Amino acid sequence: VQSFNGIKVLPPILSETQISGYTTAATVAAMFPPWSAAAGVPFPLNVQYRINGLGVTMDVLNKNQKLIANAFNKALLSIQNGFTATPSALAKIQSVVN
Amino acid sequence: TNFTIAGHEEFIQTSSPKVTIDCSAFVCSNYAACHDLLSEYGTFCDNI
Amino acid sequence: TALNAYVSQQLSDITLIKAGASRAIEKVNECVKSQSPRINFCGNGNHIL
Amino acid sequence: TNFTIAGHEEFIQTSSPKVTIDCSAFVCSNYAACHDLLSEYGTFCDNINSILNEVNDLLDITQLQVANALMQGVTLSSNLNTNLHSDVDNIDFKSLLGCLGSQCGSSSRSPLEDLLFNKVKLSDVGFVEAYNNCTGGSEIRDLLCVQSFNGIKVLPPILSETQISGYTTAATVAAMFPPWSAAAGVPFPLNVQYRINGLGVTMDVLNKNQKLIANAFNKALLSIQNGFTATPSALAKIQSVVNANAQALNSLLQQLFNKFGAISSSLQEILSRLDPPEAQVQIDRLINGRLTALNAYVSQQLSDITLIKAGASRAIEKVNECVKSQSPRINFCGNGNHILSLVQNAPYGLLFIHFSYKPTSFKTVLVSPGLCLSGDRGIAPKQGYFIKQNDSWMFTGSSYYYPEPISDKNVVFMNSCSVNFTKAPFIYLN
Amino acid sequence: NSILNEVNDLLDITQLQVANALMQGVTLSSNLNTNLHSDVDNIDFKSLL
Amino acid sequence: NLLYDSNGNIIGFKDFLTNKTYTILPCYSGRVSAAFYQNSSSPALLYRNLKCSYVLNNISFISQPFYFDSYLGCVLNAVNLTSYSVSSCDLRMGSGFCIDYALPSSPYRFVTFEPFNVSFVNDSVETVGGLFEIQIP
Ligand SMILES: *[C@@H]1O[C@H](CO)[C@@H](O)[C@H](O)[C@H]1NC(C)=O
Ligand SMILES: *[C@@H]1O[C@H](CO)[C@@H](O)[C@H](O)[C@H]1NC(C)=O
Ligand SMILES: *[C@@H]1O[C@H](CO)[C@@H](O)[C@H](O)[C@H]1NC(C)=O
Ligand SMILES: *[C@@H]1O[C@H](CO)[C@@H](O)[C@H](O)[C@H]1NC(C)=O
Ligand SMILES: *[C@@H]1O[C@H](CO)[C@@H](O)[C@H](O)[C@H]1NC(C)=O
């Protein structure tokens, strides 16, 4: 109805398909060589340096590598499951359209 | 003594719907008596 | 007059989006694609990735 | 394997023309009967002048913040502002240097800045000379002074372009001579070696290749000057500012020729064909229409002046972190590998010159993420990898292929091995 | 009246963002301060509390 | 018999009598900037982009004993003291100029405006054979 009165919304230059493809390359660049998103540092080895910045004995992180990998899996599933009942971020996304 | 790993989320707005409006369709669609008066202003419409 | 009031609000709305867009670029370059030594910027205190 | 030095330009707008408009002369030129109806809108005219003065105050405070950052902790020698020489350590910088002190004429701009002001006619000095050479003379049909007689005049900023050029000059000298108040107190040739060393380049390769680095800055600086003959992206943004302001002034001036549909567009013919009892209605519709154009014009200035402070704030942070100091931030000053950045004066903004580390050749080599010695030990390299040549493990850089013996300076120490650490019980360390 | 509502709403959100940074990762003990324990390292900080 | 331009302005005229061609040019309808202190008898005037000869002859019919032509235009009721510099100006006129008031010649002084300066040191700039002079605190 607004289109017949001169109010029309135009699509942007880059579609959401091309934008989603750009974010995928950024994630892959931090898991496989040459690690273009981690300064040439492997992903499981870069986490130990980030935690060491706060100050921790590296002998514990080197021994508990299995507990670290299982911890990231629980964090990702918690974010994915949280986007179903009442997301905090999606509540602000709806305000942009409204 | 013991530690784990947590995870949060954050959304930042980057884009916005692009709206385009014209003069000859909002003031009066196809009224000839109105276009002769609306066009008298001139630059007042072109700035929008 | 209503059209002049709408474009006036549109100019003020895009300015806040432009400021928020610049903040997202810093997080991509200094929190995602790199590990900046800045504290309390990427997350909340203890930050890893 | 083989690298060089590249260049890049960047223009950031930090200023805007200061336009001042009067309420009376724009609507009522000289007619006494016109001012009678305008007296009923006395409060409306006071709000227009307050908005324009508010915008001019924002341009005055932002210009002082630019000069404050360029004049923050700058120390020069006494026997220096006497037109000294240049080209320190075979690095030609005479294009980025203007008058060494105040021992010159009126103009004290560097030769590189002259190529920018010569391509912009409506500069700070341009509006001054334009308004002067239009009161008589030979030809006064220019549209610049026609708006001046109708109530549209552009005032010059607080600090002239000569004083701004002198501020940017002192920032360059502070990074080339003692006590080096622009690089935390380190020599200029030595500071470049530490920046390249932080990217993963060995220190010994920078000493033997001093002539290659010195000639690289000279070639990069001469290449950034020859590009001004064409139309680059930096000059395009400068030419767009003067064209955008000129269009807004001409569009507002065209409102004086709009009839607004009452009897006509001009007020002189209204008083000559209509009686006073019916002339008050025709003039009132012109005043109400013209005041709407001024109300809409001052509203666009408030929205446009906000984006100027947003871009100017980025220039202030860039000078204090990329020019006056070396910030540890990454992907902020330039693109990836960053070494040095300089600031130069530009019409309605600033001009930045960024130098980057650009490799030319490559070489595939097998590297290892980490390894541990015998006895449940552990080591890991930093800013480099581990390569094995002639059946012997050695350390190498992350940005230059140069085998180095494994020492206690380029690696870290651990207390246990890892699952993906290669076993090599042959390296001995103390 | 609508625009004035969105203007006041932005000031309310900004008010909470400033208070959030002040109370981001703050831990205190049971034995408190401010006329309970002060004057550390012979430095007078009572005027700031 | 009439010359015009794109934006509907008259810029030419030919006479029906003996052939003499002319042109139409606008007339001066500008303003004047006055700098007034907290307490003074008369403020200092400033006619921007106007010479002192055109002001005291066409737009002003009164006699002013003090007159001075500056880079920004003719300045009235002020003295030429551009050789002096200040850093706490309150009446800014632009282009690096200022107007200062001094209680007891006009009390207003037309001076420059330098809000920032460089801290100079008496050390040398040329090496002494591999050594430099640095002021260490
Ligand atoms: C830490 O907590 C995890 C999960 O509850 C547990 O598996 C682990 O044994 C704990 N470690 C210590 C040292 O208590
Ligand atoms: C790098 O390139 C320059 C110029 O092309 C050349 O003179 C130099 O020998 C090269 N260095 C190596 C190690 O190949
Ligand atoms: C250092 O010791 C002196 C004497 O015991 C004491 O007065 C002062 O407060 C101490 N400084 C501290 C605890 O920071
Ligand atoms: C002006 O020029 C025209 C051109 O032929 C001529 O006819 C006319 O007589 C001239 N005017 C006078 C006053 O002679
Ligand atoms: C004002 O004084 C300066 C310096 O004494 C001089 O250069 C300038 O010509 C003077 N202006 C006049 C005389 O109009």
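Chains as they are written, first to last, in PDB author numbering: chain A, 937 to 1034; chain B, 792 to 839; chain C, 1083 to 1131; chain D, 792 to 1221; chain E, 840 to 888; chain F, 646 to 749, 759 to 791.
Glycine is no exception: its CB is placed at the ideal position from the N, C-alpha and C atoms.
So is residue i in contact with chain D if we call contact Cβ pairs under 8 angstroms?
i: C/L1093; result: yes
i: B/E831; result: yes
i: F/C672; result: yes
i: A/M994; result: yes
i: A/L990; result: no
i: F/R676; result: yes
i: A/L981; result: yes
i: F/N694; result: yes
Rounded to whole angstroms, how far is the Cβ of residue i from the Cβ of residue j, which I believe are closer than 8 angstroms?
i: residue 791 of chain B; j: D/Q1045; result: Nothing can be reported for residue 791 of chain B: it is not among the residues displayed for chain B, which extend from 792 to 839.
i: D/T873; j: F/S773; result: Contact doesn't hold; Cβ gap of about 18 angstroms is too wide.
i: F/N694; j: F/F713; result: Actually they do not touch by this definition, with Cβ atoms about 15 angstroms apart.
i: F/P769; j: D/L829; result: Actually they do not touch by this definition, with Cβ atoms about 40 angstroms apart.
i: D/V1156; j: D/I1178; result: 6 angstroms
i: D/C1124; j: D/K1100; result: That pair is no contact at about 21 angstroms.
i: F/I744; j: F/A723; result: 7 angstroms
i: E/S877; j: E/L887; result: Not quite, the Cβ-Cβ distance comes to about 10 angstroms (not below 8 angstroms), so this is no contact.
i: D/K1173; j: D/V1203; result: 6 angstroms
i: F/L647; j: F/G657; result: 6 angstroms
What does residue i pair with, by DSSP beta-bridge criteria?
i: D/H1145; result: D/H799 and D/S1132
i: F/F661; result: In DSSP, F/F661 forms no bridge with anything.
i: A/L946; result: B/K809
i: D/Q1180; result: D/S1183
i: F/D745; result: F/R763
i: F/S678; result: F/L691
i: F/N725; result: F/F764
i: F/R737; result: F/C743
i: F/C719; result: F/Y692 and F/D714
i: D/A1137; result: D/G1140
Starting from residue i, find everything on chain C with Cβ-Cβ shorter than 9 angstroms and list it in chain order.
i: A/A973; result: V1114, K1115 and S1116
i: D/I1121; result: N1111, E1112, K1115, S1116, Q1117 and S1118
If the cut is a Cβ gap below 7 angstroms, which residues of chain A does residue i touch?
i: residue 1222 of chain D; result: The structure shown does not extend to residue 1222 of chain D, since chain D is modelled only from 792 through 1221, so no value can be given for it.
Does any C-beta atom of chain C lie closer than 8 angstroms to the C-beta of residue i?
i: E/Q863; result: yes
i: B/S815; result: no
i: D/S1090; result: yes
i: A/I949; result: no
List, in order along the chain, the chain A residues whose C-beta lies closer than 9 angstroms to that of residue i?
i: D/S1189; result: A975 and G976
i: B/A797; result: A1007, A1011 and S1014
Strictly under 8 angstroms for the Cβ-Cβ distance: is residue i near chain B by that measure?
i: A/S1014; result: yes
i: C/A1103; result: yes
i: D/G1052; result: yes
i: D/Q1001; result: no
For a contact meaning CB atoms closer than 7 angstroms, what does residue i contact in chain D?
i: F/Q683; result: Near F/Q683 there are no residues of chain D at all, since even the closest Cβ is about 20 angstroms away, more than 7 angstroms.
i: F/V731; result: Those within 7 angstroms of F/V731 in chain D number zero; the least Cβ separation is about 13 angstroms.
Under 8 angstroms between beta-carbons, which chain A residues line up against residue i? List them in chain order, please.
i: C/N1126; result: Under the 8 angstroms cutoff, chain A gives no residues; its nearest Cβ is about 13 angstroms from C/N1126.
i: C/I1096; result: In chain order: nothing, as chain A lies at least about 13 angstroms away.
i: D/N1206; result: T993, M994, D995 and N998
Please list the partners that residue i has in chain B, where partner means a Cβ-to-Cβ separation under 9 angstroms.
i: C/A1106; result: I803, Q804 and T805
Along chain C, in chain order, which residues have C-beta atoms closer than 7 angstroms to that of residue i?
i: D/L1141; result: Within chain C, no residue comes near D/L1141; the closest Cβ sits about 18 angstroms away, beyond 7 angstroms.
Chain F beta carbons: is any one of them nearer than 8 angstroms to that of residue i?
i: D/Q954; result: yes
Just the chain B side, please: which residues come within less than 8 angstroms of residue i by C-beta, in chain order?
i: D/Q1073; result: Simply none; closest approach about 15 angstroms.
How would you list, in chain order, the residues of chain B whose beta-carbon sits under 7 angstroms from the beta-carbon of residue i?
i: A/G942; result: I812, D813, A816 and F817
i: A/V945; result: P808, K809 and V810
Could you tell me whether the Cβ of residue i comes closer than 8 angstroms to any Cβ of chain A?
i: C/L1085; result: no
Name the chain D residues whose beta carbon is nearer than 9 angstroms to that of residue i?
i: F/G783; result: Going along chain D, no residue has its Cβ under 9 angstroms from F/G783, so there is no contact; the nearest lies around 15 angstroms.
### Message
By the 9 angstroms beta-carbon criterion, what residues does the segment 766-777 of chain F contribute toward chain D?
### Response
Residues are counted here when their Cβ sits less than 9 angstroms from a Cβ of chain D; for the segment 766-777 of chain F these are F767, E768, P769, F770, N771, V772, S773, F774, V775, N776 and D777, given in chain order.
### Query
Of all the residues that make up the segment 1150-1166 of chain D, which are near chain A by a beta-carbon distance shorter than 9 angstroms?
Residues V1158, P1160 and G1161.
### Task
With 8 angstroms as the limit, tell me which residues of the segment 1010-1040 of chain D have their beta carbon closer than that to any beta carbon of chain C; keep them in chain order.
Of all residues in the segment 1010-1040 of chain D, none has a C-beta nearer than 8 angstroms to a C-beta of chain C.
### Query
Taking any Cβ of chain D, which residues in the segment 703-735 of chain F have a Cβ under 7 angstroms from it, in chain order?
Of all residues in the segment 703-735 of chain F, none has a Cβ within less than 7 angstroms of some Cβ in chain D.
### Task
Please list the residues of the segment 956-972 of chain A that have a C-beta atom closer than 7 angstroms to any C-beta atom in chain C, keeping them in chain order.
Within the segment 956-972 of chain A, the residues whose Cβ lies closer than 7 angstroms to some Cβ of chain C are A962, listed in chain order.
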